[PDB]
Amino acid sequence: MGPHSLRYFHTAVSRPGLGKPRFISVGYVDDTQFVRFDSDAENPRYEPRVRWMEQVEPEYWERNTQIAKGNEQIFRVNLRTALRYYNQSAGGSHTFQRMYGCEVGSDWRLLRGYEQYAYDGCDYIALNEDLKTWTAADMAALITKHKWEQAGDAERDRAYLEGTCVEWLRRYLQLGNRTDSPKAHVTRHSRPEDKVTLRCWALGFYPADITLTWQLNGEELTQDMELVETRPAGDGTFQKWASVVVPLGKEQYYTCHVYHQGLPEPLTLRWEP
C-alpha cells in the first residue's frame, strides 16, 4: 500500500549465576508481528509468527537464525561492557535493548529510519534523523559515540535502512493474499455533578494509526480530552477511545472526529439516544 514499516525489537536480560542472557528479537511489518527469535530453547531458531510467513524457504530461517545468534552475542558483550561503563556491581539483572527499522511511502524509498539502543530501560545512544550522527544520552555513552564515529558505523547502518530494510519490507508486503476501517460509537455516562462524559470509540481498525479528536462548536477544545493509547483487540485489529466532559443537556454541541487510512473521509459523530 502507501505508508508501511518494518521494525525489529531486540532485548537481552541477564541472569548471573543462572546462565547466559535471554535474547529475543521480534519483527513487525506495519503493526503485525511476523517473526521471532528467542534464545531460551536448546536449539533456538528464527520462526514465523503469521500465516503468510509459513511458506518461506528454509534458507531465510537459517540465515536469520545465524544473524540472531550474532546479535545475541553482541548483546551479551554489551551487557558486560555496560557494567563497567556505569560502574555497577556484578550479580544483578540488567537489560539491553535495540530498536531499528524503516518506514516507506508509496514510492518505496526510505521516508524515515531508526537505530537506537537502551541500557536498563534508558536511552543509551541513537542515530539522528539524518542517519549521519549519534546522540549519546549521557557521559557513559559518549565513548560509544566516539568509537562509532571513528569506525564510520552510521554509514553502514544508513546503508542497511536505505537498502536491505526498505527492500525486504517491499518483499514481505507481496506475501500471502489491506486496511480495516474503524466503526465508531459515542456513549454517555453520568457523573456526580450536572455533567456527563461522552466517550468516543473507534473499533475494529487496522493499521493502528488513528486520530480521535473532539470539538466544541466545530473548533478546538478548551478542556483536555482523556484518552487511552491505541490497543490490540486480540484478533489483529485495534481500538481506541477519547472522551470529554460536557454539561448535561449540551451534549450535541460536541462532535467526535475519526481519521484513518481506510475511511474515504473522516467520520463525524455526536451523542444520540
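Residue indices: 1-based, along the sequence shown.
How many missing residues of the deposited sequence lie between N177 and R178 in the entry, grouped as none, 1 to 3, 4 to 9, or 10 or more? The entry has 4 to 9 unmodelled residues between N177 and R178.
Comparing average C-alpha B factors as deposited, tell me which of 76 to 84 and 178 to 186 sits higher. Between 178 to 186 and 76 to 84, it is 178 to 186 that shows the higher mean C-alpha B-factor.
Quick check on the record: does 67 to 75 or 196 to 204 carry the larger mean Cα temperature factor? 196 to 204 has the higher mean C-alpha B-factor.
Report the option among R109, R170, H146, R98 whose CA atom has the maximum B-factor in the deposited record. By C-alpha B-factor in the record, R109 ranks first.
Between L161, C122, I125, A90, where does the Cα B-factor run highest in the record? So the option with the highest C-alpha B-factor is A90.
Can you tell me whether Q33 has a C-alpha B-factor in the lowest, middle or highest third compared with the other modelled residues of the same chain? Answer is lowest: the recorded C-alpha B-factor places it there.
With respect to C-alpha B-factor, does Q261 fall in the lowest, middle or highest third of the chain as deposited? Tercile = highest for this residue's CA B-factor.
Would you check the entry's CA temperature factor for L131 and let me know if it's in the chain's lowest, middle or highest third? Middle third, going by the recorded CA B-factors of the chain.
Using the temperature factors of the C-alpha atoms in this entry, rank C102 within its chain: lowest, middle or highest third. For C102, whose C-alpha B-factor we compare with every modelled residue in the chain, the answer is the middle third.
Where does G19 sit by CA temperature factor within its chain: lowest, middle or highest third? Ranked within chain, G19 CA B lands in the middle tercile.
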